[PDB]
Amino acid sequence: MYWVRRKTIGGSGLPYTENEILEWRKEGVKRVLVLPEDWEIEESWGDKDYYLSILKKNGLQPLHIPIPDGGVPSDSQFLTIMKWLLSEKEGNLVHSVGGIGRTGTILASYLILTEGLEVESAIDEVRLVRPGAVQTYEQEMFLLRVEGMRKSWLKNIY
């Protein structure tokens, strides 16, 4: 697990055991944005709802927003994601399977909108703690698209 903005917003891959969730708690994680698709979660845990219930059982508030591996969120999902991440400032954890592609993309987009950074700077900030963040052309194109419509996005988010 890594913090992009200390105790405010960080990223991670898909945990394998509950003990890893306890470590998240020790680091200050309070809320979790789950990005992998059902099958990806089932692949590791055996059942998607069981995994989500386990996050709740251990005192974390989860939101499941399924994004295809190597892909990006739809506009509807992104609005939902940004409102979720902004509704509660501290302890936000975003995770995918590897904690590099979808996670890096969301975290970078977050910085683009909240800190007014260019795509290059946003990815730079994420790669400082998570090397290789943002993997695909579509993910890169999504970020450029978000930067180009920052005003429109901020307008809809706030």
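Position 1 is the first residue in the sequence shown; the rest follow in order.
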Please compare 120-128 with 32-40 and say which has the higher mean C-alpha temperature factor in the record. 120-128
With B-factors read from the PDB entry, the higher C-alpha mean of 22-30 and 87-95 is in 87-95
Chain third (lowest, middle, highest) by recorded CA B-factor, residue given as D47: highest
For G11, the third of its chain into which the C-alpha B factor falls: lowest
Ranked C-alpha temperature factor of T103 among modelled chain residues, by third: lowest
If you rank every modelled residue in this chain by C-alpha B factor, which third holds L143: lowest, middle or highest? lowest
The third of the chain into which the C-alpha temperature factor of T114 falls is the middle
